[PDB]
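Next come the chains, spelled out residue by residue.
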Amino acid sequence: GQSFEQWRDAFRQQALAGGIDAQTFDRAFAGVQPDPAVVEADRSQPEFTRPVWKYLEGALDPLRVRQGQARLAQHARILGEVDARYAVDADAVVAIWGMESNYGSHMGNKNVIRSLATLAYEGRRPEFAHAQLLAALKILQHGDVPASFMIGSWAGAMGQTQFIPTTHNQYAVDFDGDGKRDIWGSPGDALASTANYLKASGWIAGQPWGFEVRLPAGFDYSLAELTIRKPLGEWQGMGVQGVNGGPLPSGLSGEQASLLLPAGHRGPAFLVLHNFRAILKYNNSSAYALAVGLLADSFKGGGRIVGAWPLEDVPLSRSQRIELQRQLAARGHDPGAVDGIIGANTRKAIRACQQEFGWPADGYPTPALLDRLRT
Ligand SMILES: CC(=O)N[C@@H]1[C@@H](O)[C@H](O)[C@@H](CO)O[C@H]1O
Ligand SMILES: [Ca+2]
């Protein structure tokens, strides 16, 4: 509709047609108007880094590590039961909990119905918003939480787990048996829900998400690519070693792994395994998944990175990523659609350009590359 009131009246019809009761709808929308803060967040396609090392610094903050250790102790019984029942490592569940809501202290302060209605009414992704809004109304109808306490982020990610509504409906768990899947106020429900989602996403209990490695001299950096997987044994037969030298972890010889270079060839290198892919299902960002894995490791005194981070790591802004794609295309290295998103097609073009300049082909774009392109 044109007015918010008009849009809501029309959506109310769709909500009823989808099985939401009038009382649930009217209770959910009581007092609701568009939220400009949500509109701003939706619109803000940013202009600034990063870099991964500052992001990891915040994520691996000793304050967050110690708070997770405290939570592991406080909730040891529940976590033991969740770890055993879902076959998902407690440290990973708690690391996700820390990264998503700071173990429940930062769930956001926005009402999920207001936020999703705002996005449905005037957001850039109304298909997503409408779908999530109807799912959210189903959650209210089922009674998992009262409308007043259905809290989450601007994009509709909810509660301690930051599940979007359709993910809650599919994977949230009632751990304590009161009949509510309360990912807002019940640590047990939240933790079991997170575990259930990780397990559905392929988690193998006890298997590392990945680990730091040392690459051999004259390494083929075009292989550092998440879309390329190889057995650990094959990586070993390529000259990839443990971070201090010597063979890679034993027994895993047949495990498929990809090479992750979060700061290009001058930075630390990681082999990442299937459990890393599981974390990406939670949040499809390699920086996020690396932070979750290192945080999980940190609870037990791990998470130490041996390779130095490059001092000159200054990630490209939105503007620069678009400029990079245009300059690559102009030089004859086709990155595909100029969308300002560095994915596989752009990395392919970056690698060809790096090879043209005689640089290691790590597919990792830097201000130096952009300068050289402008010559
Ligand atoms: C924790 C969580 O809900 N993560 C979701 C994932 O469930 C959903 O499939 C994805 C689609 O791209 O959007 C993310 O927000
Ligand atoms: Ca419950």
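- Structure determination for this PDB entry was carried out by X-ray crystallography, with a resolution of 2.09 Å recorded in the header.

1. Here's the deal with the pattern of salt bridges
Line of reasoning, step 1. Inspection of the entire model under this criterion finds 9 salt bridges.
Line of reasoning, step 2. Between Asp 9 and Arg 8 there is a salt bridge, with the nearest N and O atoms lying 3.8 Å from each other.
Line of reasoning, step 3. For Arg 8, a relative accessible area of 22% translates into the label partly exposed.
Line of reasoning, step 4. Residue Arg 374 pairs with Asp 371 through a salt bridge whose shortest N-O separation is 2.2 Å. Pair noted here: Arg 374 and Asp 371 are both in helix α17 (residues 367-374), with a separation of 3 residues, about one helical turn.
Line of reasoning, step 5. Look at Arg 374 and you get partly exposed, because its relative accessible area is 45%.
Line of reasoning, step 6. A residue is classified by how much of its surface remains accessible, and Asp 371, at 43% relative accessible area, is partly exposed.
Line of reasoning, step 7. Residues participating in the shared-partner salt-bridge network are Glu 225, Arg 347 and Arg 351.

2. Quick look at the site of ligand 1
Line of reasoning, step 1. Around ligand 1, the neighbouring residues are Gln 162, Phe 163, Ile 164, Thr 167, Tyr 197, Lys 281 and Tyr 282.
Line of reasoning, step 2. Within the backbone of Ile 164, a nitrogen or oxygen atom sits 3.4 Å from an oxygen atom of ligand 1.
Line of reasoning, step 3. Contacts to ligand 1 include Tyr 197, whose side-chain N or O atom sits 2.9 Å from an oxygen atom.
Line of reasoning, step 4. Bound to the protein, ligand 1 loses 56% of the 370 Å² it would expose on its own.

3. A look at the pairing of strand β7 (residues 269-272)
Line of reasoning, step 1. Both faces of β7 are covered, namely the face carrying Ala 269 and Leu 271 and the face carrying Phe 270 and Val 272.
Line of reasoning, step 2. Bridge count between strand β3 (residues 210-214) and β7: 4 bridges; the pairing is antiparallel. Bridged to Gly 210 within β7 is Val 272.

4. Regarding the nonpolar core
Line of reasoning, step 1. One finds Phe 29, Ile 113, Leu 133, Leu 137 and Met 150 to be the most contacted residues of the largest nonpolar core, which totals 75 residues.
Line of reasoning, step 2. The element contributing the most residues to this core is helix α14 (residues 286-299), with 9 residues.
Line of reasoning, step 3. Both domains that furnish three or more residues to this core are identified here as domain 1 (1-207) and domain 2 (210-272).
Line of reasoning, step 4. When neighbours within four sequence positions are excluded, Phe 29 is seen to be in contact with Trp 7, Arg 8, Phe 11, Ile 113, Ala 117, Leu 133 and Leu 137.

5. Let's talk about the UniProt feature "binding site: N-acetyl-D-glucosamine" (unreviewed entry) in the protein chain
Line of reasoning, step 1. The UniProt record marks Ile 164, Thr 167 and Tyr 282 with the feature "binding site: N-acetyl-D-glucosamine" (unreviewed entry), using the residue numbering of this structure. The annotated residues occupy 119 residues of the chain but converge on a single region, no pair of C-alpha atoms lying more than 10.4 Å apart.
Line of reasoning, step 2. Position of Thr 167 relative to the elements: it lies in helix α10 (residues 165-171).
Line of reasoning, step 3. Excluding residues that lie within four positions of it along the chain, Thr 167 makes contacts with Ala 172 and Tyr 197.
Line of reasoning, step 4. Along the polypeptide, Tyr 282 turns up in helix α13 (residues 274-282).
Line of reasoning, step 5. With relative accessibility at 11%, the residue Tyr 282 sits in the buried group.
Line of reasoning, step 6. The residues touching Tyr 282, leaving out its near neighbours within four places in the chain, are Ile 96, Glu 100, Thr 161, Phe 163, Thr 194, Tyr 197, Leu 198 and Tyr 288.

6. Topic: helix α5 (residues 62-74)
Line of reasoning, step 1. When the terminal C-alpha atoms of α5 are compared, their 18 Å separation across 13 residues agrees well with the 18 Å that a helix rising 1.5 Å per residue should span.
Line of reasoning, step 2. Three or more residues of α5 are buried, namely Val 65, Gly 68, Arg 71 and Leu 72. All buried residues of α5 project into a common sector of 120 degrees when viewed along the axis, lining one side. In α5, the exposed positions that point more than 90 degrees away from the buried face belong to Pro 62, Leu 63, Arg 66, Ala 73 and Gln 74.
Line of reasoning, step 3. Those residues of α5 that are buried lie in contact with α6 (76-86), α7 (90-101) and α14.
Line of reasoning, step 4. Two to three positions downstream of the cap, the backbone nitrogen of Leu 63 sits 2.8 Å from a side-chain oxygen, assigning the N-cap of α5 to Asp 61.

7. A few points about the coordination of the calcium ion (ligand 2)
Line of reasoning, step 1. Looking at the calcium ion (ligand 2), the protein donor atoms are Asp 174 (OD), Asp 176 (OD), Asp 178 (OD), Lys 180 (O), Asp 189 (OD) and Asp 189 (OD), and they sit 2.3 to 2.8 Å from it.
Line of reasoning, step 2. Each of the 6 donor atoms bound to the calcium ion (ligand 2) contributes to angles spanning 49 to 161 degrees, and the resulting shape is irregular.
Line of reasoning, step 3. Taken in chain order, the donor set of the calcium ion (ligand 2) reads D-x1-D-x1-D-x1-K-x8-D.

8. So, unusual backbone geometry
Line of reasoning, step 1. Along the chain, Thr 49 connects to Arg 50 via a cis peptide bond; the corresponding omega equals 5 degrees.
Line of reasoning, step 2. Within the secondary structure layout, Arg 50 lies in the loop between α3 (36-43) and α4 (52-59).
Line of reasoning, step 3. Even without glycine at this site, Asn 102 takes up a positive phi of about 55 degrees.
Line of reasoning, step 4. Here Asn 102 is to be found in the loop between α7 and β1 (110-111).

About the thresholds
- Residues numbered from 1 in each chain as written, not as in the entry; some residues may be left out.
- Chains lettered and ligands numbered in written order.
- Heavy atoms only, no water.
- Residues with missing side-chain atoms left out of burial classes, pairs and counts.
- Salt bridge = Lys/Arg side-chain N within 4 Å of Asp/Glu carboxyl O.
- Buried < 20%, exposed > 50% of the residue type's maximum accessible area, 1.4 Å probe, protein only.
- Helix = DSSP H or I, 4+ residues; strand = E, 2+ residues; numbered from the N terminus.
- Near = heavy atom within 4 Å.
- Polar contact = N/O pair within 3.5 Å; in protein donor to acceptor, adjacent residues only side chain to side chain.
- Areas by Shrake-Rupley, 256 points an atom, 1.4 Å probe, with all protein chains shown as cover.
- Pairing = 2+ DSSP bridges.
- Core = buried A, V, L, I, M, F, W, Y, C linked by side-chain atoms within 4.5 Å.
- Domains from an automatic or database assignment.
- Contact = heavy atoms within 4.5 Å.
- UniProt positions renumbered as here; feature names shortened; annotations may be inferred.
- Expected span 1.5 Å × (residues − 1).
- Arc of directions from axis to C-beta.
- Donors = N, O, S within 2.8 Å, 3.2 Å for Na, K, Ca; no water.
- Tetrahedral: all angles 85-135°; square planar, octahedral: opposite > 155°, others 65-115°.

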